[PDB]
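The file my_file25.pdb contains PDB, C-alpha atoms and all ligand atoms:
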```pdb
MODEL        1
ATOM      1  CA  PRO B  13      17.016  30.674   5.082
ATOM      2  CA  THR B  14      16.935  32.101   1.574
ATOM      3  CA  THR B  15      13.704  32.848  -0.265
ATOM      4  CA  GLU B  16      14.295  29.549  -2.070
ATOM      5  CA  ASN B  17      14.814  27.655   1.249
ATOM      6  CA  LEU B  18      11.529  29.013   2.654
ATOM      7  CA  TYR B  19       9.855  27.713  -0.475
ATOM      8  CA  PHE B  20      11.181  24.184   0.161
ATOM      9  CA  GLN B  21       8.518  23.193   2.680
ATOM     10  CA  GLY B  22       5.830  23.963   0.092
ATOM     11  CA  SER B  23       7.430  21.478  -2.292
ATOM     12  CA  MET B  24       7.446  18.706   0.322
ATOM     13  CA  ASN B  25       4.424  16.573   1.080
ATOM     14  CA  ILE B  26       3.733  12.914   1.885
ATOM     15  CA  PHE B  27       4.126  11.852  -1.780
ATOM     16  CA  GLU B  28       7.486  13.552  -2.201
ATOM     17  CA  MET B  29       8.557  12.184   1.200
ATOM     18  CA  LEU B  30       7.772   8.555   0.488
ATOM     19  CA  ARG B  31       9.128   8.924  -3.036
ATOM     20  CA  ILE B  32      12.526   9.711  -1.494
ATOM     21  CA  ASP B  33      12.355   6.994   1.155
ATOM     22  CA  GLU B  34      11.111   4.259  -1.182
ATOM     23  CA  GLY B  35      12.621   5.279  -4.493
ATOM     24  CA  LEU B  36      10.968   4.493  -7.820
ATOM     25  CA  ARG B  37      11.481   1.167  -9.572
ATOM     26  CA  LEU B  38       9.609   0.028 -12.663
ATOM     27  CA  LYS B  39      10.622  -3.638 -12.364
ATOM     28  CA  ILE B  40      10.053  -6.107  -9.540
ATOM     29  CA  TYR B  41      12.955  -6.012  -7.082
ATOM     30  CA  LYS B  42      13.644  -7.237  -3.553
ATOM     31  CA  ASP B  43      13.584  -4.652  -0.765
ATOM     32  CA  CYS B  44      16.177  -4.355   2.018
ATOM     33  CA  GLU B  45      14.405  -7.199   3.837
ATOM     34  CA  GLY B  46      14.181  -9.333   0.694
ATOM     35  CA  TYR B  47      10.494  -8.835  -0.064
ATOM     36  CA  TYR B  48       9.332  -8.469  -3.678
ATOM     37  CA  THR B  49       8.520  -4.818  -4.289
ATOM     38  CA  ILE B  50       7.706  -2.512  -7.199
ATOM     39  CA  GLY B  51       6.942   1.114  -7.987
ATOM     40  CA  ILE B  52       7.240   3.424  -5.008
ATOM     41  CA  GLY B  53       7.589   1.000  -2.139
ATOM     42  CA  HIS B  54       4.691  -1.218  -3.148
ATOM     43  CA  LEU B  55       5.199  -4.504  -1.321
ATOM     44  CA  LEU B  56       3.741  -7.165  -3.601
ATOM     45  CA  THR B  57       3.972 -10.135  -1.280
ATOM     46  CA  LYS B  58       6.147 -11.566   1.454
ATOM     47  CA  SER B  59       6.295 -14.912  -0.334
ATOM     48  CA  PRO B  60       9.722 -15.793  -1.821
ATOM     49  CA  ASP B  61       7.962 -17.057  -4.967
ATOM     50  CA  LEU B  62       8.444 -14.518  -7.778
ATOM     51  CA  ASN B  63       5.431 -16.054  -9.532
ATOM     52  CA  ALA B  64       3.348 -14.985  -6.559
ATOM     53  CA  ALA B  65       4.747 -11.457  -6.799
ATOM     54  CA  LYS B  66       4.022 -11.276 -10.518
ATOM     55  CA  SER B  67       0.501 -12.512  -9.889
ATOM     56  CA  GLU B  68      -0.068  -9.787  -7.279
ATOM     57  CA  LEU B  69       1.340  -7.220  -9.710
ATOM     58  CA  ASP B  70      -1.083  -8.100 -12.513
ATOM     59  CA  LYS B  71      -3.934  -8.018 -10.017
ATOM     60  CA  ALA B  72      -2.876  -4.611  -8.687
ATOM     61  CA  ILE B  73      -2.267  -2.996 -12.082
ATOM     62  CA  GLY B  74      -5.029  -4.793 -13.937
ATOM     63  CA  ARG B  75      -3.063  -6.014 -16.942
ATOM     64  CA  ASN B  76      -0.394  -8.552 -17.868
ATOM     65  CA  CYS B  77       2.737  -6.720 -16.694
ATOM     66  CA  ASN B  78       5.231  -9.573 -16.624
ATOM     67  CA  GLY B  79       6.957  -7.840 -13.739
ATOM     68  CA  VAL B  80       7.250  -4.393 -15.322
ATOM     69  CA  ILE B  81       5.158  -1.204 -15.022
ATOM     70  CA  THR B  82       5.060   2.393 -16.282
ATOM     71  CA  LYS B  83       5.837   5.565 -14.328
ATOM     72  CA  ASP B  84       2.164   6.507 -14.518
ATOM     73  CA  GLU B  85       1.170   3.083 -13.165
ATOM     74  CA  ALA B  86       3.671   3.360 -10.330
ATOM     75  CA  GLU B  87       2.158   6.705  -9.381
ATOM     76  CA  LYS B  88      -1.414   5.434  -9.421
ATOM     77  CA  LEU B  89      -0.488   2.487  -7.206
ATOM     78  CA  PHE B  90       1.461   4.837  -4.953
ATOM     79  CA  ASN B  91      -1.530   7.148  -4.576
ATOM     80  CA  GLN B  92      -3.690   4.124  -3.656
ATOM     81  CA  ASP B  93      -1.108   2.968  -1.066
ATOM     82  CA  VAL B  94      -0.893   6.454   0.473
ATOM     83  CA  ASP B  95      -4.693   6.661   0.695
ATOM     84  CA  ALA B  96      -4.788   3.230   2.351
ATOM     85  CA  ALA B  97      -2.282   4.318   4.999
ATOM     86  CA  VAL B  98      -4.216   7.516   5.724
ATOM     87  CA  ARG B  99      -7.493   5.629   5.922
ATOM     88  CA  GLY B 100      -5.815   3.055   8.183
ATOM     89  CA  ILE B 101      -4.794   5.721  10.682
ATOM     90  CA  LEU B 102      -8.085   7.622  10.723
ATOM     91  CA  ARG B 103     -10.262   4.611  11.390
ATOM     92  CA  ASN B 104      -8.038   3.292  14.183
ATOM     93  CA  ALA B 105      -8.983   4.277  17.742
ATOM     94  CA  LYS B 106      -5.362   4.187  18.907
ATOM     95  CA  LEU B 107      -3.669   5.987  16.036
ATOM     96  CA  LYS B 108      -6.210   8.672  15.212
ATOM     97  CA  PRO B 109      -5.895  10.685  18.467
ATOM     98  CA  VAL B 110      -2.125  10.665  18.177
ATOM     99  CA  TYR B 111      -2.226  11.664  14.533
ATOM    100  CA  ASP B 112      -4.697  14.442  15.292
ATOM    101  CA  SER B 113      -2.320  15.846  17.999
ATOM    102  CA  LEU B 114       0.537  16.129  15.504
ATOM    103  CA  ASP B 115       1.564  19.066  13.349
ATOM    104  CA  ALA B 116       1.331  18.790   9.562
ATOM    105  CA  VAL B 117       4.927  17.598   9.013
ATOM    106  CA  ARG B 118       4.811  14.976  11.754
ATOM    107  CA  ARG B 119       1.478  13.827  10.302
ATOM    108  CA  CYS B 120       3.418  13.062   7.116
ATOM    109  CA  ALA B 121       5.937  11.068   9.102
ATOM    110  CA  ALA B 122       2.984   9.156  10.666
ATOM    111  CA  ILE B 123       1.495   8.301   7.307
ATOM    112  CA  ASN B 124       4.944   7.283   6.111
ATOM    113  CA  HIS B 125       5.480   4.995   9.118
ATOM    114  CA  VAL B 126       2.125   3.286   8.535
ATOM    115  CA  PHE B 127       2.785   3.007   4.754
ATOM    116  CA  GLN B 128       5.999   1.187   5.666
ATOM    117  CA  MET B 129       4.916  -0.955   8.642
ATOM    118  CA  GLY B 130       1.151  -1.250   8.454
ATOM    119  CA  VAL B 131      -1.446  -0.300  11.023
ATOM    120  CA  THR B 132      -0.974  -3.038  13.602
ATOM    121  CA  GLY B 133       2.803  -2.708  13.582
ATOM    122  CA  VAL B 134       2.618   1.008  14.269
ATOM    123  CA  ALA B 135      -0.265   0.788  16.744
ATOM    124  CA  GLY B 136       1.756  -1.718  18.740
ATOM    125  CA  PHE B 137       4.405   0.962  19.419
ATOM    126  CA  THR B 138       2.731   1.905  22.726
ATOM    127  CA  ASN B 139       5.529   3.997  24.225
ATOM    128  CA  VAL B 140       6.328   5.913  21.032
ATOM    129  CA  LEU B 141       2.667   6.833  20.547
ATOM    130  CA  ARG B 142       2.432   8.169  24.105
ATOM    131  CA  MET B 143       5.666  10.108  23.662
ATOM    132  CA  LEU B 144       4.417  11.675  20.452
ATOM    133  CA  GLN B 145       1.103  12.670  21.963
ATOM    134  CA  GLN B 146       3.049  14.247  24.855
ATOM    135  CA  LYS B 147       5.438  16.088  22.457
ATOM    136  CA  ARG B 148       8.413  14.166  23.838
ATOM    137  CA  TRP B 149      10.108  14.290  20.477
ATOM    138  CA  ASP B 150      13.656  13.315  21.480
ATOM    139  CA  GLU B 151      12.430  10.328  23.452
ATOM    140  CA  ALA B 152      10.104   9.269  20.680
ATOM    141  CA  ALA B 153      12.941   9.361  18.141
ATOM    142  CA  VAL B 154      15.308   7.417  20.409
ATOM    143  CA  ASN B 155      12.657   4.740  20.886
ATOM    144  CA  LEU B 156      11.921   4.477  17.174
ATOM    145  CA  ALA B 157      15.643   3.930  16.683
ATOM    146  CA  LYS B 158      15.375   0.791  18.850
ATOM    147  CA  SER B 159      12.832  -0.804  16.521
ATOM    148  CA  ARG B 160      13.362  -3.666  14.125
ATOM    149  CA  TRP B 161      11.721  -1.537  11.456
ATOM    150  CA  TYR B 162      14.553   1.010  11.638
ATOM    151  CA  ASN B 163      17.410  -1.353  12.498
ATOM    152  CA  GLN B 164      16.821  -3.953   9.782
ATOM    153  CA  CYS B 165      16.626  -1.248   7.135
ATOM    154  CA  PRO B 166      18.016   2.048   8.411
ATOM    155  CA  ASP B 167      18.229   4.000   5.144
ATOM    156  CA  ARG B 168      14.477   3.655   4.489
ATOM    157  CA  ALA B 169      13.524   4.741   8.032
ATOM    158  CA  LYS B 170      16.195   7.214   9.123
ATOM    159  CA  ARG B 171      14.571  10.279   7.576
ATOM    160  CA  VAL B 172      11.191   9.441   9.093
ATOM    161  CA  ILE B 173      12.743   9.241  12.555
ATOM    162  CA  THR B 174      14.509  12.592  12.116
ATOM    163  CA  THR B 175      11.212  14.065  10.948
ATOM    164  CA  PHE B 176       9.457  12.865  14.095
ATOM    165  CA  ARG B 177      12.240  14.455  16.131
ATOM    166  CA  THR B 178      12.200  17.882  14.419
ATOM    167  CA  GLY B 179       8.863  18.331  12.639
ATOM    168  CA  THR B 180      10.758  19.908   9.759
ATOM    169  CA  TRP B 181      11.666  18.652   6.275
ATOM    170  CA  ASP B 182      15.425  18.975   6.815
ATOM    171  CA  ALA B 183      16.166  15.260   6.388
ATOM    172  CA  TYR B 184      14.812  15.449   2.846
ATOM    173  CA  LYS B 185      17.054  18.297   1.718
ATOM    174  CA  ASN B 186      20.282  17.913  -0.184
ATOM    175  CA  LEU B 187      19.776  14.402  -1.510
TER
HETATM  176  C1  LIG F   1      -0.484   7.370  13.058
HETATM  177  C2  LIG F   1      -0.602   8.221  14.151
HETATM  178  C3  LIG F   1       0.480   8.471  14.982
HETATM  179  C4  LIG F   1       1.680   7.855  14.709
HETATM  180  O1  LIG F   1       2.876   7.893  15.327
HETATM  181  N1  LIG F   1       3.722   7.079  14.600
HETATM  182  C5  LIG F   1       3.051   6.551  13.586
HETATM  183  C6  LIG F   1       1.805   6.997  13.615
HETATM  184  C7  LIG F   1       0.726   6.748  12.785
ENDMDL
END
```

So that I can check it, write out the structure of this file as structure tokens.
Amino acid sequence: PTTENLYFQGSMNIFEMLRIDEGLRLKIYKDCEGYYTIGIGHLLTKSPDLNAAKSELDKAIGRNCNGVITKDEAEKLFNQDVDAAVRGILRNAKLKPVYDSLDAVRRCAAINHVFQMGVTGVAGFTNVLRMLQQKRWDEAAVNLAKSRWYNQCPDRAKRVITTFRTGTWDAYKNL
């Protein structure tokens, strides 16, 4: 690794990670599963009614957005969503011990997974959680690759899986 390469891990954190996985959109769009989304992976609603999505948006941002937000607003919402995922792990009796056992990079992948799937979805992954706690990284990654989460939308999940396998930021290099 060059001096620059060794600097790369210091540039990566959960925010940069999810920013790559989720992208950044300032207008309401449908995600790979067809759910109305905005900003940096902010799921507005699962309802197919755009009017519901717009309603959720105005509630979340606090003004009349008519389906459009600013970069600064996207980032505020993103920060709130990241905090919610972290809080969701730490208060959960199943997830916290696993999260605690992980190194810093895999902890980012954990927060990412929960940001994407929610707490009950992740906590239901009984085998993966045991594998991670036991540092069975290859097995954990293979099992994650069986999931609907990954298989229905591979591009959004592939880097997270690789990160659980390696505990490095390599999947986020060379975009
Ligand atoms: C919180 C703790 C451990 C985890 O493993 N995979 C996701 C996740 C979330």

Problem - Å distance separating CA of residue 45 (chain B) from CA of residue 119 (chain B), one decimal place - result: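 CA of residue 45 (chain B) sits 25.5 Å away from CA of residue 119 (chain B).
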
Handout entry: Of the listed residues B:153, B:29, B:73, B:64, that which approaches residue 92 (chain B) most closely, counting only C-alpha atoms
Key =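 Nearest to residue 92 (chain B): B:73.
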
Exercise for the section: Expand the PyMOL selection byres (((not hetatm)) within 9 of (chain F and resi 1)) into the individual residues it matches in the shown file, reporting them as an NGL selection string. Expected result: :B and (97-98 or 100-102 or 104 or 106-114 or 118-126 or 131 or 134-135 or 137 or 140-142 or 144-145 or 156 or 176)

Practice task
For CA of residue 162 (chain B) and CA of residue 17 (chain B), determine how far apart the two atoms are, in Å to one decimal place.
Solution key: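 Calculated distance between CA of residue 162 (chain B) and CA of residue 17 (chain B) is 28.6 Å.
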
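Taken over the whole file, the PyMOL selection byres (((chain B and resi 163-168) around 9) and not hetatm) covers exactly residues 32, 33, 34, 44, 45, 128, 157, 158, 159, 160, 161, 162, 169, 170, 171 and 172 of chain B.
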
Handout entry: Ground truth for the PyMOL selection byres (((chain B and resi 47) around 9) and not hetatm), written as a VMD selection string
Key = chain B and resid 41 to 46 48 to 49 55 to 60

Store the residues picked out above in a file with C-alpha atoms, as a PDB file, in the coordinates of the input.
```
ATOM      1  CA  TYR B  41      12.955  -6.012  -7.082  1.00  0.00           C
ATOM      2  CA  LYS B  42      13.644  -7.237  -3.553  1.00  0.00           C
ATOM      3  CA  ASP B  43      13.584  -4.652  -0.765  1.00  0.00           C
ATOM      4  CA  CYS B  44      16.177  -4.355   2.018  1.00  0.00           C
ATOM      5  CA  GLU B  45      14.405  -7.199   3.837  1.00  0.00           C
ATOM      6  CA  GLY B  46      14.181  -9.333   0.694  1.00  0.00           C
ATOM      7  CA  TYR B  48       9.332  -8.469  -3.678  1.00  0.00           C
ATOM      8  CA  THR B  49       8.520  -4.818  -4.289  1.00  0.00           C
ATOM      9  CA  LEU B  55       5.199  -4.504  -1.321  1.00  0.00           C
ATOM     10  CA  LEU B  56       3.741  -7.165  -3.601  1.00  0.00           C
ATOM     11  CA  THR B  57       3.972 -10.135  -1.280  1.00  0.00           C
ATOM     12  CA  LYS B  58       6.147 -11.566   1.454  1.00  0.00           C
ATOM     13  CA  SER B  59       6.295 -14.912  -0.334  1.00  0.00           C
ATOM     14  CA  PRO B  60       9.722 -15.793  -1.821  1.00  0.00           C
TER      15      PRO B  60
END
```

Handout entry: Closest of B:150, B:95, B:61, B:70 to residue 175 (chain B) - atom-to-atom distances counting all atoms listed in the file
Key =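 Among the listed residues, B:150 lies closest to residue 175 (chain B).
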
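You will find CA of residue 179 (chain B) at 11.1 Å from CA of residue 21 (chain B).
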
Handout entry: Using all atoms listed in the file: which of B:174, B:25, B:91, B:180 has the shortest distance to residue 127 (chain B)
Key =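 Distance minimum relative to residue 127 (chain B) lands on B:91.
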
Give the centre and edge lengths of an axis-aligned box, in Å to one decimal, that holds all listed atoms of region 30-34 of chain B with 6 Å on each side, as AutoDock Vina command-line options.
```
--center_x 10.1 --center_y 7.0 --center_z -0.9 --size_x 16.8 --size_y 17.5 --size_z 16.2
```

Exercise for the section: Could you tell me which of B:148, B:103, B:83, B:66 comes closest to residue 36 (chain B) if we count all atoms listed in the file? Expected result: B:83

Practice task
Choose the residue, out of B:72, B:116, B:52, B:62, that has the smallest atom-to-atom separation from residue 86 (chain B); count only C-alpha atoms.
Solution key: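 Selected residue with least distance to residue 86 (chain B): B:52.
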